[PDB]
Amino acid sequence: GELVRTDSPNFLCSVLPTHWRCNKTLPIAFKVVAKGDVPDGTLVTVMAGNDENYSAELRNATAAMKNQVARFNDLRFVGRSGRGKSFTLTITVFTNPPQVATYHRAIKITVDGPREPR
């Protein structure tokens, strides 16, 4: 699919919706692609937060690297980001030492999520 640059010059990731319902499976499987060379079997973890929620509850925020690709199986966001506010992803590729890449204003999570006018 289509990738996007992260705050780290060594990693990229799939595109996440701007708005989504909490605990709802994402429209497209999240992925973390490593520019450089990363040992297969390397762990990749993801976290999120902001000024309203210092650490959002996530689901299945762990994946192993395989051919420079860490395919997250059904990653969901349970914590909400707040009216208008958005989450700042913190991707972490566990190597020696650990390499971490963020991504600001990545996704906004709410209770209803995208809803058509009423």
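The first residue of the sequence shown is number 1, and the count goes up from there.
Here 21 to 29 and 5 to 13 are compared by their mean Cα B-factor, and 5 to 13 comes out higher. The deposited CA B-factor of residue 40 belongs to the middle third of values across its chain. Among all modelled residues in its chain, residue 60 ranks in the lowest third by Cα B-factor. Sort the modelled residues of the chain by CA B factor and residue 109 lands in the lowest third. In this PDB entry, residue 75 carries a Cα temperature factor that places it within the lowest third of its chain's modelled residues. In the deposited entry, the Cα temperature factor of residue 34 sits in the top third of values across the chain's modelled residues.
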